Amino acid sequence: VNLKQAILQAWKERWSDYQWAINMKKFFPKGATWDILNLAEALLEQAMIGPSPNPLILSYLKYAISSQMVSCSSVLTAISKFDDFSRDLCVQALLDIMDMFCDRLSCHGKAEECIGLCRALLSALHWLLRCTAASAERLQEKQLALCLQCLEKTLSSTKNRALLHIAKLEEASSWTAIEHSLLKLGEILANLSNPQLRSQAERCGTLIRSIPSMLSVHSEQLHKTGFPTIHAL
Amino acid sequence: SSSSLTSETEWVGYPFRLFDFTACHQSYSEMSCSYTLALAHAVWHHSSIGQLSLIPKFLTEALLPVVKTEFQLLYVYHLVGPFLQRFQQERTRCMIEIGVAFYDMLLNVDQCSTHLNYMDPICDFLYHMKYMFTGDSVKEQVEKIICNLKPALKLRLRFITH
Amino acid sequence: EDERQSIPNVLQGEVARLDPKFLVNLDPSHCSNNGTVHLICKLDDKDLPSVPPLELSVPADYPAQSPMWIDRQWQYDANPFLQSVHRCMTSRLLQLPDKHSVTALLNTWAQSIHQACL
(Lines give C-alpha, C1' and ligand atoms only; values in the text may rest on other atoms or scores of the structure.)
Protein backbone atom coordinates (compact mmCIF):
# COMPACT_ATOMS: atom_id res chain seq x y z
CA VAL A 1 0.00 0.00 0.00
CA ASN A 2 2.98 2.24 0.77
CA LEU A 3 3.82 2.38 -2.94
CA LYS A 4 0.90 4.72 -3.68
CA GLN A 5 1.78 7.31 -1.04
CA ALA A 6 5.41 6.77 -2.06
CA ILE A 7 4.84 7.75 -5.68
CA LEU A 8 2.58 10.54 -4.42
CA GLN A 9 5.40 11.98 -2.31
CA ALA A 10 7.58 11.50 -5.38
CA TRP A 11 5.19 13.65 -7.41
CA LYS A 12 4.61 15.90 -4.38
CA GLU A 13 8.12 17.28 -4.90
CA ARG A 14 9.65 18.37 -8.20
CA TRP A 15 12.20 15.56 -8.46
CA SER A 16 14.43 15.20 -11.52
CA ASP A 17 12.32 12.10 -12.28
CA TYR A 18 15.49 10.25 -13.30
CA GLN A 19 17.00 10.41 -9.81
CA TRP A 20 13.51 9.15 -8.93
CA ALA A 21 14.75 5.66 -9.81
CA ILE A 22 17.21 5.85 -6.91
CA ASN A 23 14.44 6.64 -4.42
CA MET A 24 12.26 3.92 -5.95
CA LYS A 25 14.98 1.29 -5.59
CA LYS A 26 15.65 2.50 -2.04
CA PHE A 27 12.00 2.47 -0.92
CA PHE A 28 11.66 -1.12 -2.17
CA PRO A 29 13.66 -4.26 -1.30
CA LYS A 30 15.15 -4.03 -4.83
CA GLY A 31 13.93 -7.34 -6.24
CA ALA A 32 11.27 -8.60 -3.83
CA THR A 33 8.37 -8.41 -6.30
CA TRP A 34 8.33 -6.00 -9.23
CA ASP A 35 4.64 -6.76 -9.90
CA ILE A 36 3.92 -3.59 -7.90
CA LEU A 37 6.15 -1.40 -10.09
CA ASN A 38 5.25 1.73 -12.11
CA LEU A 39 2.81 -0.55 -14.00
CA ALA A 40 -0.16 0.47 -11.84
CA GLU A 41 0.72 4.14 -11.30
CA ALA A 42 -0.29 5.03 -14.88
CA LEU A 43 -3.75 3.80 -13.92
CA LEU A 44 -4.13 5.23 -10.42
CA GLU A 45 -2.35 8.52 -11.15
CA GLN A 46 -4.79 8.98 -14.02
CA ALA A 47 -7.78 7.70 -12.01
CA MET A 48 -8.64 11.04 -10.41
CA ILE A 49 -7.20 12.85 -13.44
CA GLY A 50 -10.20 12.08 -15.65
CA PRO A 51 -10.65 14.92 -18.14
CA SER A 52 -6.98 15.90 -17.90
CA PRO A 53 -3.77 14.47 -19.40
CA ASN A 54 -1.91 15.00 -16.09
CA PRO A 55 1.49 16.09 -17.46
CA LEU A 56 4.82 16.39 -15.61
CA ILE A 57 4.24 12.82 -14.41
CA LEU A 58 4.24 11.00 -17.76
CA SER A 59 7.94 11.89 -17.73
CA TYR A 60 8.32 9.09 -15.18
CA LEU A 61 6.74 6.66 -17.65
CA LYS A 62 9.06 8.01 -20.36
CA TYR A 63 12.19 7.47 -18.28
CA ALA A 64 10.81 4.05 -17.35
CA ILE A 65 10.05 2.62 -20.81
CA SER A 66 13.80 2.51 -21.46
CA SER A 67 14.20 -0.73 -19.48
CA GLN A 68 11.35 -1.90 -17.23
CA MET A 69 8.59 -4.54 -17.15
CA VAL A 70 7.01 -3.80 -20.51
CA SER A 71 4.64 -6.78 -20.21
CA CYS A 72 2.77 -5.43 -17.19
CA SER A 73 2.57 -1.95 -18.74
CA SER A 74 1.22 -3.50 -21.94
CA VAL A 75 -1.47 -5.62 -20.29
CA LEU A 76 -2.57 -2.81 -17.98
CA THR A 77 -2.79 -0.21 -20.75
CA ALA A 78 -4.73 -2.78 -22.78
CA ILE A 79 -7.23 -3.54 -20.01
CA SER A 80 -7.53 0.19 -19.25
CA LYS A 81 -11.08 1.17 -20.21
CA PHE A 82 -10.03 4.71 -21.15
CA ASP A 83 -11.78 5.01 -24.52
CA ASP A 84 -15.01 4.26 -22.63
CA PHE A 85 -14.26 7.37 -20.58
CA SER A 86 -14.04 9.26 -23.90
CA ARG A 87 -11.60 11.94 -22.74
CA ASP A 88 -10.16 12.31 -26.27
CA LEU A 89 -7.09 13.92 -24.68
CA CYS A 90 -5.47 11.25 -22.49
CA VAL A 91 -5.95 8.74 -25.31
CA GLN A 92 -3.66 10.96 -27.39
CA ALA A 93 -0.90 10.63 -24.78
CA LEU A 94 -1.57 6.90 -24.85
CA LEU A 95 -0.93 6.90 -28.60
CA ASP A 96 2.27 8.89 -28.05
CA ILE A 97 3.63 6.49 -25.43
CA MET A 98 2.62 3.45 -27.50
CA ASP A 99 4.56 5.01 -30.39
CA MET A 100 7.85 4.99 -28.47
CA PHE A 101 6.85 1.59 -27.09
CA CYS A 102 6.00 -0.62 -30.05
CA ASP A 103 7.48 1.15 -33.10
CA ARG A 104 10.93 -0.44 -32.94
CA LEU A 105 10.22 -3.72 -31.13
CA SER A 106 9.28 -5.34 -27.82
CA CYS A 107 11.75 -6.80 -25.31
CA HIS A 108 12.67 -10.23 -23.97
CA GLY A 109 11.13 -11.77 -20.87
CA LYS A 110 13.74 -14.52 -20.39
CA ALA A 111 10.88 -16.97 -19.75
CA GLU A 112 7.61 -18.26 -21.16
CA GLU A 113 5.96 -15.19 -19.59
CA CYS A 114 7.15 -13.22 -22.62
CA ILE A 115 4.73 -15.35 -24.66
CA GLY A 116 1.92 -14.00 -22.50
CA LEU A 117 3.39 -10.59 -23.34
CA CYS A 118 2.47 -11.35 -26.95
CA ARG A 119 -1.00 -12.20 -25.66
CA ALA A 120 -1.28 -8.72 -24.15
CA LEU A 121 -0.24 -7.33 -27.54
CA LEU A 122 -3.44 -8.80 -29.00
CA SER A 123 -5.62 -7.03 -26.42
CA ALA A 124 -3.55 -3.93 -27.18
CA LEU A 125 -4.81 -3.93 -30.77
CA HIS A 126 -8.37 -4.23 -29.47
CA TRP A 127 -7.74 -1.07 -27.45
CA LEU A 128 -6.60 0.73 -30.60
CA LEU A 129 -9.82 -0.35 -32.31
CA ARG A 130 -11.85 1.69 -29.83
CA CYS A 131 -10.12 4.74 -31.30
CA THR A 132 -12.83 4.56 -33.97
CA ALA A 133 -15.23 4.96 -31.05
CA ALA A 134 -13.99 8.57 -30.83
CA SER A 135 -15.64 8.98 -34.24
CA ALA A 136 -18.64 6.68 -33.60
CA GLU A 137 -20.95 9.69 -33.25
CA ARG A 138 -19.90 11.75 -36.30
CA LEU A 139 -22.62 14.36 -35.73
CA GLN A 140 -20.29 17.34 -36.26
CA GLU A 141 -11.21 14.17 -37.67
CA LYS A 142 -7.73 14.59 -36.18
CA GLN A 143 -8.27 11.89 -33.55
CA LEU A 144 -9.42 9.14 -35.92
CA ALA A 145 -6.72 9.97 -38.46
CA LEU A 146 -3.98 9.93 -35.82
CA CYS A 147 -5.30 6.70 -34.26
CA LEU A 148 -5.41 4.85 -37.58
CA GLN A 149 -1.96 6.26 -38.39
CA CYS A 150 -0.32 5.01 -35.19
CA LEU A 151 -2.20 1.72 -35.62
CA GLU A 152 -0.76 1.24 -39.11
CA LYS A 153 2.64 2.20 -37.67
CA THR A 154 2.44 -0.40 -34.89
CA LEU A 155 1.30 -2.89 -37.54
CA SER A 156 4.67 -2.86 -39.33
CA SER A 157 5.27 -6.21 -41.01
CA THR A 158 8.01 -8.68 -39.98
CA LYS A 159 7.95 -7.12 -36.50
CA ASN A 160 4.74 -8.10 -34.69
CA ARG A 161 3.33 -10.51 -37.29
CA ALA A 162 4.90 -13.52 -35.58
CA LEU A 163 3.60 -12.30 -32.21
CA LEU A 164 0.05 -11.95 -33.56
CA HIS A 165 0.35 -15.44 -35.06
CA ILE A 166 1.49 -16.82 -31.69
CA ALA A 167 -1.42 -15.07 -29.99
CA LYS A 168 -3.92 -16.49 -32.49
CA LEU A 169 -2.50 -20.02 -32.18
CA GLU A 170 -2.44 -19.88 -28.37
CA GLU A 171 -6.08 -18.89 -27.78
CA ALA A 172 -9.14 -18.43 -29.96
CA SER A 173 -11.96 -16.63 -28.14
CA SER A 174 -10.09 -13.32 -27.86
CA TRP A 175 -8.99 -13.70 -31.48
CA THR A 176 -12.57 -14.28 -32.63
CA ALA A 177 -13.74 -11.24 -30.67
CA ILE A 178 -10.93 -9.15 -32.20
CA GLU A 179 -11.94 -10.30 -35.67
CA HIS A 180 -15.58 -9.42 -34.99
CA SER A 181 -14.53 -6.00 -33.71
CA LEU A 182 -12.40 -5.51 -36.83
CA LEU A 183 -15.37 -6.40 -39.04
CA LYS A 184 -17.58 -3.96 -37.13
CA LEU A 185 -14.95 -1.19 -37.37
CA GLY A 186 -14.55 -1.77 -41.10
CA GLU A 187 -18.31 -1.57 -41.48
CA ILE A 188 -18.43 1.64 -39.42
CA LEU A 189 -15.65 3.00 -41.66
CA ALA A 190 -18.02 3.13 -44.66
CA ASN A 191 -18.25 6.94 -44.42
CA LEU A 192 -16.31 9.41 -46.56
CA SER A 193 -14.11 10.73 -43.75
CA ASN A 194 -11.16 11.82 -45.90
CA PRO A 195 -9.04 10.57 -48.81
CA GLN A 196 -6.10 9.52 -46.63
CA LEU A 197 -8.43 8.03 -44.02
CA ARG A 198 -10.48 4.87 -44.64
CA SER A 199 -7.75 3.76 -47.06
CA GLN A 200 -4.95 2.33 -44.91
CA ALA A 201 -7.54 0.81 -42.56
CA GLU A 202 -8.44 -1.65 -45.32
CA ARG A 203 -4.73 -2.42 -45.67
CA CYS A 204 -4.33 -3.15 -41.96
CA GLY A 205 -7.47 -5.28 -42.08
CA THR A 206 -5.99 -7.32 -44.93
CA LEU A 207 -2.81 -7.66 -42.86
CA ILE A 208 -4.78 -9.03 -39.90
CA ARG A 209 -6.62 -11.37 -42.27
CA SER A 210 -3.31 -12.63 -43.65
CA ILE A 211 -1.86 -13.04 -40.13
CA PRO A 212 -3.23 -16.61 -39.70
CA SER A 213 -2.62 -17.57 -43.35
CA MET A 214 1.20 -17.62 -43.43
CA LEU A 215 4.28 -15.40 -43.46
CA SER A 216 5.77 -16.86 -46.67
CA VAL A 217 2.67 -17.97 -48.59
CA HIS A 218 3.37 -19.29 -52.09
CA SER A 219 2.92 -16.16 -54.22
CA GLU A 220 5.96 -16.41 -56.51
CA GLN A 221 5.58 -16.42 -60.29
CA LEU A 222 7.47 -15.90 -63.57
CA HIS A 223 8.96 -19.40 -63.34
CA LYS A 224 9.47 -19.60 -67.11
CA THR A 225 10.93 -23.11 -67.47
CA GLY A 226 9.47 -26.44 -68.58
CA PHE A 227 9.22 -28.50 -65.38
CA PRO A 228 11.21 -31.66 -66.17
CA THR A 229 10.81 -33.49 -62.86
CA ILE A 230 7.09 -34.27 -63.20
CA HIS A 231 7.65 -35.24 -66.85
CA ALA A 232 10.52 -37.61 -66.07
CA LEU A 233 8.82 -39.29 -63.11
CA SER B 1 6.93 -13.35 -87.16
CA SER B 2 3.36 -12.05 -87.06
CA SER B 3 0.83 -14.92 -86.79
CA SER B 4 -1.16 -13.15 -84.12
CA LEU B 5 1.60 -12.40 -81.61
CA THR B 6 0.26 -8.98 -80.61
CA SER B 7 -3.01 -9.20 -78.65
CA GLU B 8 -2.22 -12.33 -76.66
CA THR B 9 -0.31 -15.14 -78.33
CA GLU B 10 -0.33 -17.65 -75.43
CA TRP B 11 1.35 -18.37 -72.10
CA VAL B 12 4.23 -19.65 -74.29
CA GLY B 13 5.24 -16.02 -74.87
CA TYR B 14 8.49 -16.61 -73.00
CA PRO B 15 10.93 -15.52 -75.73
CA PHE B 16 14.18 -17.14 -74.63
CA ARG B 17 13.15 -20.80 -74.37
CA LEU B 18 11.35 -20.63 -77.72
CA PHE B 19 13.81 -18.60 -79.79
CA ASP B 20 16.76 -20.69 -78.62
CA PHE B 21 17.68 -23.70 -80.74
CA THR B 22 18.90 -27.16 -79.57
CA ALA B 23 15.47 -27.42 -77.95
CA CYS B 24 14.71 -29.84 -80.78
CA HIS B 25 16.89 -32.30 -78.85
CA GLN B 26 13.62 -33.03 -77.04
CA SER B 27 10.49 -34.11 -78.89
CA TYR B 28 8.76 -30.92 -77.71
CA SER B 29 9.49 -27.17 -77.65
CA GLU B 30 9.90 -27.20 -81.43
CA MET B 31 7.36 -24.58 -82.51
CA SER B 32 7.55 -24.07 -86.30
CA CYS B 33 8.55 -20.40 -86.04
CA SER B 34 11.71 -21.20 -84.04
CA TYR B 35 12.67 -23.68 -86.76
CA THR B 36 12.45 -20.90 -89.37
CA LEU B 37 14.80 -18.89 -87.17
CA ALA B 38 17.54 -21.51 -87.46
CA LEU B 39 16.68 -21.61 -91.17
CA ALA B 40 17.84 -18.02 -91.50
CA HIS B 41 20.90 -18.78 -89.35
CA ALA B 42 21.41 -21.76 -91.65
CA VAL B 43 22.02 -19.68 -94.77
CA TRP B 44 23.69 -16.96 -92.71
CA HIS B 45 25.95 -19.69 -91.36
CA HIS B 46 27.55 -19.85 -94.81
CA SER B 47 26.31 -16.93 -96.94
CA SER B 48 28.22 -14.51 -94.70
CA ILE B 49 30.42 -12.82 -97.31
CA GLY B 50 28.44 -10.10 -99.10
CA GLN B 51 24.80 -11.16 -98.82
CA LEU B 52 24.49 -9.34 -95.49
CA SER B 53 24.36 -6.02 -97.39
CA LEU B 54 20.82 -7.13 -98.24
CA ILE B 55 19.49 -7.08 -94.66
CA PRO B 56 19.73 -3.31 -93.92
CA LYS B 57 17.32 -2.37 -96.71
CA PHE B 58 15.38 -5.56 -95.90
CA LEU B 59 15.20 -4.14 -92.38
CA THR B 60 14.69 -0.43 -92.96
CA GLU B 61 11.26 -0.89 -94.53
CA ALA B 62 10.02 -4.39 -93.90
CA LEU B 63 10.70 -4.83 -90.19
CA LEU B 64 9.31 -1.42 -89.28
CA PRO B 65 5.45 -1.73 -89.48
CA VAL B 66 5.27 -5.34 -88.31
CA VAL B 67 6.46 -5.07 -84.70
CA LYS B 68 4.32 -3.93 -81.76
CA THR B 69 5.29 -6.04 -78.73
CA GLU B 70 8.70 -6.98 -77.30
CA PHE B 71 9.21 -10.67 -78.08
CA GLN B 72 8.92 -9.83 -81.78
CA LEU B 73 11.79 -7.44 -81.09
CA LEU B 74 13.78 -10.21 -79.43
CA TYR B 75 13.02 -12.41 -82.46
CA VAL B 76 14.24 -9.91 -85.05
CA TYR B 77 17.23 -9.28 -82.77
CA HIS B 78 18.18 -12.97 -82.74
CA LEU B 79 17.67 -12.87 -86.51
CA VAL B 80 20.12 -10.01 -87.11
CA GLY B 81 22.15 -10.03 -83.90
CA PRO B 82 24.89 -12.65 -84.04
CA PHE B 83 26.56 -11.30 -87.19
CA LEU B 84 27.96 -7.85 -86.27
CA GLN B 85 31.50 -9.23 -86.56
CA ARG B 86 31.08 -9.63 -90.32
CA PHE B 87 30.15 -5.94 -90.58
CA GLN B 88 32.91 -4.73 -88.24
CA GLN B 89 35.34 -6.64 -90.46
CA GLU B 90 34.13 -5.83 -93.99
CA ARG B 91 30.69 -4.15 -94.17
CA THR B 92 31.56 -1.32 -91.80
CA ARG B 93 29.15 1.08 -93.53
CA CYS B 94 26.15 -1.16 -92.77
CA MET B 95 26.61 -1.72 -89.03
CA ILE B 96 25.48 1.86 -88.37
CA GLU B 97 22.28 1.09 -90.26
CA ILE B 98 21.88 -2.12 -88.25
CA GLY B 99 22.25 -0.10 -85.04
CA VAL B 100 19.82 2.65 -86.00
CA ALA B 101 17.44 -0.16 -86.96
CA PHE B 102 17.86 -1.64 -83.47
CA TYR B 103 17.07 1.73 -81.93
CA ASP B 104 14.10 2.19 -84.28
CA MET B 105 12.71 -1.13 -83.06
CA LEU B 106 13.28 0.15 -79.52
CA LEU B 107 11.38 3.39 -80.14
CA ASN B 108 8.57 1.47 -81.85
CA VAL B 109 8.14 -0.99 -78.97
CA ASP B 110 8.33 1.90 -76.52
CA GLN B 111 5.60 3.93 -78.22
CA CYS B 112 3.28 0.88 -78.42
CA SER B 113 3.40 -0.90 -75.05
CA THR B 114 1.64 -0.85 -71.69
CA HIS B 115 4.85 -1.74 -69.83
CA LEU B 116 8.17 -3.40 -70.60
CA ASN B 117 8.37 -6.85 -69.02
CA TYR B 118 11.93 -7.81 -69.99
CA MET B 119 13.80 -4.53 -69.48
CA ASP B 120 17.18 -5.89 -68.31
CA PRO B 121 17.56 -8.36 -71.23
CA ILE B 122 17.33 -5.59 -73.82
CA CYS B 123 19.45 -3.40 -71.53
CA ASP B 124 22.51 -5.64 -71.30
CA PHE B 125 21.95 -6.73 -74.91
CA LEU B 126 22.41 -3.13 -76.04
CA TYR B 127 25.28 -2.82 -73.55
CA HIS B 128 27.09 -5.71 -75.24
CA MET B 129 26.35 -4.36 -78.73
CA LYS B 130 27.65 -0.89 -77.84
CA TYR B 131 30.75 -1.80 -75.84
CA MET B 132 31.80 -4.55 -78.27
CA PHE B 133 30.77 -3.49 -81.79
CA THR B 134 29.72 0.15 -82.35
CA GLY B 135 32.65 1.63 -80.44
CA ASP B 136 31.88 5.34 -80.13
CA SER B 137 30.51 6.27 -83.57
CA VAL B 138 26.70 6.25 -83.52
CA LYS B 139 26.60 7.96 -80.09
CA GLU B 140 25.11 11.17 -81.49
CA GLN B 141 22.35 9.75 -83.70
CA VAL B 142 20.90 7.39 -81.09
CA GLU B 143 20.76 10.45 -78.82
CA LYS B 144 18.06 11.99 -81.02
CA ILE B 145 16.00 8.88 -80.22
CA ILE B 146 17.16 8.02 -76.71
CA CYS B 147 15.92 11.30 -75.22
CA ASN B 148 12.27 10.69 -76.12
CA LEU B 149 11.95 7.32 -74.35
CA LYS B 150 10.04 6.38 -71.23
CA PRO B 151 11.38 7.79 -67.92
CA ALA B 152 12.04 4.30 -66.60
CA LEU B 153 13.80 3.31 -69.83
CA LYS B 154 15.58 6.66 -69.73
CA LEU B 155 17.07 5.96 -66.30
CA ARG B 156 17.80 2.39 -67.42
CA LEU B 157 19.84 3.48 -70.47
CA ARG B 158 21.26 6.62 -68.77
CA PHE B 159 24.89 5.59 -69.26
CA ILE B 160 24.52 5.25 -73.04
CA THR B 161 25.24 9.01 -73.25
CA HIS B 162 28.94 8.15 -72.93
CA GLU C 1 44.60 -29.53 -23.41
CA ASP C 2 41.68 -27.30 -24.50
CA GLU C 3 39.63 -24.48 -23.02
CA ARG C 4 36.33 -26.02 -24.20
CA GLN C 5 34.41 -23.22 -22.45
CA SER C 6 35.63 -19.77 -23.59
CA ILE C 7 38.48 -17.59 -24.89
CA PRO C 8 41.82 -17.53 -22.99
CA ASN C 9 40.97 -17.39 -19.30
CA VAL C 10 42.63 -14.02 -18.65
CA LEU C 11 39.60 -11.98 -19.71
CA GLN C 12 37.02 -13.78 -17.55
CA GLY C 13 39.52 -14.05 -14.70
CA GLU C 14 40.02 -10.30 -14.71
CA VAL C 15 36.39 -9.27 -15.23
CA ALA C 16 35.18 -11.55 -12.43
CA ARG C 17 37.31 -9.43 -10.08
CA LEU C 18 35.19 -6.32 -10.75
CA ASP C 19 32.78 -4.63 -8.31
CA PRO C 20 29.29 -6.00 -7.56
CA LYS C 21 27.99 -2.70 -8.93
CA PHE C 22 28.30 -4.22 -12.42
CA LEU C 23 26.26 -7.20 -13.59
CA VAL C 24 27.66 -8.95 -16.65
CA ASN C 25 25.87 -11.60 -18.72
CA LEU C 26 25.77 -12.97 -22.28
CA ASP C 27 23.29 -12.55 -25.14
CA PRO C 28 22.34 -15.36 -27.57
CA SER C 29 25.64 -17.04 -28.42
CA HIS C 30 26.40 -15.90 -31.98
CA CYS C 31 30.17 -16.19 -31.36
CA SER C 32 30.01 -19.00 -28.81
CA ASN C 33 33.48 -20.51 -29.33
CA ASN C 34 35.99 -18.14 -30.96
CA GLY C 35 34.56 -14.71 -30.15
CA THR C 36 32.62 -15.55 -26.96
CA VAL C 37 32.50 -11.81 -26.21
CA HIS C 38 29.25 -9.85 -26.36
CA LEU C 39 28.55 -8.62 -22.84
CA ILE C 40 25.34 -7.23 -21.38
CA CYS C 41 25.83 -5.15 -18.24
CA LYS C 42 23.40 -3.60 -15.76
CA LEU C 43 24.61 -0.73 -13.58
CA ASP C 44 23.19 -1.30 -10.09
CA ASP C 45 24.17 1.52 -7.74
CA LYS C 46 22.94 4.85 -6.36
CA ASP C 47 22.31 6.22 -9.85
CA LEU C 48 19.72 6.07 -12.60
CA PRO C 49 19.72 2.87 -14.70
CA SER C 50 20.05 2.76 -18.48
CA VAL C 51 20.43 0.56 -21.58
CA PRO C 52 23.21 -2.06 -21.48
CA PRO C 53 26.08 -1.74 -23.99
CA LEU C 54 27.27 -4.16 -26.68
CA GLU C 55 30.89 -4.88 -25.69
CA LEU C 56 32.04 -7.19 -28.51
CA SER C 57 35.82 -7.59 -28.35
CA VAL C 58 38.57 -9.01 -30.56
CA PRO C 59 41.44 -11.47 -29.75
CA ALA C 60 43.33 -10.84 -26.51
CA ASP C 61 45.68 -8.27 -28.07
CA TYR C 62 42.79 -5.87 -27.28
CA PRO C 63 42.82 -3.23 -30.03
CA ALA C 64 39.05 -3.32 -29.54
CA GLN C 65 36.60 -0.48 -28.97
CA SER C 66 34.16 -3.28 -28.14
CA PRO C 67 30.79 -1.46 -27.74
CA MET C 68 28.88 -0.89 -30.98
CA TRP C 69 25.44 0.21 -29.66
CA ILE C 70 23.22 -2.17 -31.63
CA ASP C 71 20.20 -0.42 -30.08
CA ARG C 72 21.62 3.11 -30.41
CA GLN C 73 19.02 5.04 -32.41
CA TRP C 74 15.60 4.31 -30.92
CA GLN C 75 16.76 3.61 -27.36
CA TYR C 76 18.69 6.89 -27.37
CA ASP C 77 16.05 9.09 -29.01
CA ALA C 78 13.73 8.40 -26.04
CA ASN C 79 14.62 11.10 -23.51
CA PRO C 80 16.91 14.17 -23.44
CA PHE C 81 18.62 13.12 -20.19
CA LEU C 82 19.78 9.74 -21.47
CA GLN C 83 20.68 11.41 -24.77
CA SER C 84 23.06 13.69 -22.85
CA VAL C 85 24.34 10.58 -21.06
CA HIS C 86 25.13 9.02 -24.44
CA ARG C 87 26.78 12.24 -25.62
CA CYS C 88 29.06 12.36 -22.58
CA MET C 89 29.73 8.63 -23.01
CA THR C 90 30.95 8.94 -26.59
CA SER C 91 32.84 12.16 -25.80
CA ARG C 92 34.75 10.42 -23.00
CA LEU C 93 35.29 7.29 -25.11
CA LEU C 94 36.94 9.43 -27.78
CA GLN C 95 39.31 10.71 -25.08
CA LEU C 96 40.38 7.16 -24.17
CA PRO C 97 43.77 6.54 -25.83
CA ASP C 98 43.92 2.88 -26.88
CA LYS C 99 40.91 1.90 -24.78
CA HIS C 100 40.93 -1.52 -23.13
CA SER C 101 37.61 -3.41 -23.19
CA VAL C 102 38.53 -5.35 -20.03
CA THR C 103 38.24 -2.48 -17.56
CA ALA C 104 38.35 0.88 -19.36
CA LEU C 105 34.99 0.42 -21.10
CA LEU C 106 32.86 -0.30 -18.03
CA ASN C 107 34.78 2.17 -15.86
CA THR C 108 34.34 5.00 -18.36
CA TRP C 109 30.67 4.11 -18.83
CA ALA C 110 30.08 4.21 -15.07
CA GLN C 111 31.94 7.53 -14.83
CA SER C 112 29.78 8.99 -17.60
CA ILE C 113 26.59 7.66 -15.98
CA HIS C 114 27.69 9.34 -12.73
CA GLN C 115 28.44 12.53 -14.66
CA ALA C 116 24.86 12.62 -15.98
CA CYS C 117 23.61 14.38 -12.84
CA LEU C 118 25.33 17.55 -14.10
# chains A, B, ... in the order shown; residues from 1 in each chain; ligands from 1
call {"tool": "residues_around", "arguments": {"residues": "residue 111 (chain B)", "least_positions_apart": "2", "cutoff": "12 Å", "atoms": "only C-alpha atoms", "output": "ChimeraX atom specification"}}
result
/B:67-70,104-109,113-116,145,148-150,153
call {"tool": "select_by_dssp", "arguments": {"residues": "region 6-97 of chain C", "states": "strand (DSSP E)", "output": "count of residues only"}}
result
6
call {"tool": "closest_atom_pairs", "arguments": {"of": "chain B", "to": "chain A", "cutoff": "9 Å", "atoms": "only C-alpha atoms", "output": "tab-separated table"}}
result
residue	atom	partner	partner_atom	distance
B:12	CA	A:224	CA	8.9
B:14	CA	A:224	CA	6.7
B:17	CA	A:225	CA	7.6
call {"tool": "write_last_selection", "arguments": {"atoms": "N, CA and C atoms", "output": "PDB file, in the first residue's frame"}}
result
ATOM      1  N   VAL B  12       2.918 -19.248 -73.781  1.00  0.00           N
ATOM      2  CA  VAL B  12       4.226 -19.646 -74.287  1.00  0.00           C
ATOM      3  C   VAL B  12       5.060 -18.445 -74.704  1.00  0.00           C
ATOM      4  N   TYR B  14       7.125 -16.716 -73.497  1.00  0.00           N
ATOM      5  CA  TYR B  14       8.489 -16.607 -73.004  1.00  0.00           C
ATOM      6  C   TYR B  14       9.452 -16.658 -74.183  1.00  0.00           C
ATOM      7  N   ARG B  17      13.252 -19.355 -74.189  1.00  0.00           N
ATOM      8  CA  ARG B  17      13.149 -20.798 -74.369  1.00  0.00           C
ATOM      9  C   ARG B  17      12.730 -21.147 -75.791  1.00  0.00           C
TER      10      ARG B  17
END
call {"tool": "residues_around", "arguments": {"residues": "residue 86 (chain C)", "least_positions_apart": "2", "cutoff": "10 Å", "atoms": "only C-alpha atoms", "output": "MDAnalysis selection string"}}
result
chainID C and resid 72 76 80:84 88:92 109 112:113 116
call {"tool": "residues_around", "arguments": {"residues": "residue 188 (chain A)", "least_positions_apart": "6", "cutoff": "10 Å", "atoms": "only C-alpha atoms", "output": "list in words"}}
result
residues 132, 133, 135, 136 and 182 of chain A
call {"tool": "write_last_selection", "arguments": {"atoms": "N, CA, C and O atoms", "output": "short mmCIF file (atom, residue, chain, number, x, y, z; two decimals), in the first residue's frame"}}
result
data_model
loop_
_atom_site.label_atom_id
_atom_site.label_comp_id
_atom_site.auth_asym_id
_atom_site.auth_seq_id
_atom_site.Cartn_x
_atom_site.Cartn_y
_atom_site.Cartn_z
N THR A 132 -11.73 4.25 -33.06
CA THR A 132 -12.83 4.56 -33.97
C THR A 132 -14.06 4.96 -33.18
O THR A 132 -14.95 5.65 -33.71
N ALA A 133 -14.14 4.54 -31.92
CA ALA A 133 -15.23 4.96 -31.05
C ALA A 133 -15.26 6.48 -30.91
O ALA A 133 -16.33 7.09 -30.79
N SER A 135 -14.89 8.50 -33.10
CA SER A 135 -15.64 8.98 -34.24
C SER A 135 -16.96 8.26 -34.44
O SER A 135 -17.59 8.44 -35.49
N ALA A 136 -17.40 7.44 -33.48
CA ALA A 136 -18.64 6.68 -33.60
C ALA A 136 -19.85 7.59 -33.79
O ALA A 136 -20.79 7.23 -34.50
N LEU A 182 -12.99 -6.03 -35.60
CA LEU A 182 -12.40 -5.51 -36.83
C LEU A 182 -13.45 -5.40 -37.93
O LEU A 182 -13.49 -4.41 -38.67
#
